[PDB]
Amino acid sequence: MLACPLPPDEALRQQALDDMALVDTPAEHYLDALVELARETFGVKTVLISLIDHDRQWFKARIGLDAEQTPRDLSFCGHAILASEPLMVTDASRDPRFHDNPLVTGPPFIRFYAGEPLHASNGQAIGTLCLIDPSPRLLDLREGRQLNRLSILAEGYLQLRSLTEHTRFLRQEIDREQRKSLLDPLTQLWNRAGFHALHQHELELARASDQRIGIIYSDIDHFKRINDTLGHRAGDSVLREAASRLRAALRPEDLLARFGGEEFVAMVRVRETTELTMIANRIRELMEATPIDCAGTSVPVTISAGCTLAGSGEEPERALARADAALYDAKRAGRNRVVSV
């Protein structure tokens, strides 16, 4: 048995996770909010929704951590899925399981870990919701409950998510292995090819419920500047938060993708044109509501957006170019604004 031991029913466990079309999918607003809420609740530095996938720990949501994944053998969560009860570690530098672990030895010098297992509907433990911090800590029992509740909310959402048409499309038409081509792991959105694989099914769902398809074409204002002026690390932080604020402006049924370097395209299902502009406005207000922290330095960032509704029978590529022309208008007219066409 490895440095992180496998449950005897590993095969079945990995299968409950595969049937959820979850590993290698984009961040979701709701889970982002949940980890943020957890962090704020307890005051810890890091919070993860970590999924145990073959020999890695892959993060569906995170906060206070830049890594997109970790080998299973380096994980705490990999031990936490081995039991029904929460894995509490008061001080990992003193714990036989983790005092050797490079994440305890080296950065981020994990001391406190509190991990609460997440399950598929069949009871199989697919991963964890966890708090992580560089100072020793022991949750009182009230905190234990809050954390427990927080973990029920995570599971809840994951399980419902597997009862949706997006998830059926994902497992039935997009091999868990193809899914890796389709995802920009920096912003945790679908990429250009990800959008391409999904845009059709999106139109199909709009037609079935008499909805319009609207396209929002956006672009971070003055990205080159911040990226050259401050580190390229600061750039990546700006890309990470912009993507997160974009996901918060959308609804769970929307399709959002990173397209070029600093540009993002949403395809939304709306009743009619004002709903679409509302969404685009919302995207722009969220981006502008606060600065974006870049390692202590707060950086004002705005976005421009062009948007349009796709006509009945219109080639999506055409609707797309129209939104892009509207975005070009938005930039020309002064940036930090939305043009609707």
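The first residue of the sequence shown is number 1, and the count goes up from there.
Tell me which stretch has the larger mean Cα B-factor in this entry, 213-221 or 137-145. Here the higher of the two C-alpha B-factor means belongs to 137-145.
Please compare 274-282 with 291-299 and name the stretch with the higher mean C-alpha B-factor in the deposited structure. It is 291-299.
Sorting 151, 105, 164, 159 by Cα temperature factor from the record, which one lands on top? Max CA B-factor in the entry, restricted to 151, 105, 164, 159: 105.
Identity of residue with top Cα B-factor, from 237, 244, 128, 124: Answer for 237, 244, 128, 124: 237, with the highest C-alpha B-factor.
Considering only modelled residues of the same chain, in which third does the CA B-factor of residue 186 rank: lowest, middle or highest? CA B-factor rank for residue 186: middle third.
B-factor third for the C-alpha atom of residue 341 within its chain: CA B-factor rank for residue 341: middle third.
Among the chain's modelled residues, which third holds the C-alpha B-factor of residue 115? Lowest third of the chain for residue 115's C-alpha B-factor.
CA B-factor placement of residue 11, once the chain's modelled residues are sorted into thirds: Residue 11: CA B-factor falls in the highest third of its chain.
In terms of the chain's CA B-factor thirds, is residue 252 lowest, middle or highest? Its C-alpha B-factor belongs to the lowest third of this chain's values.
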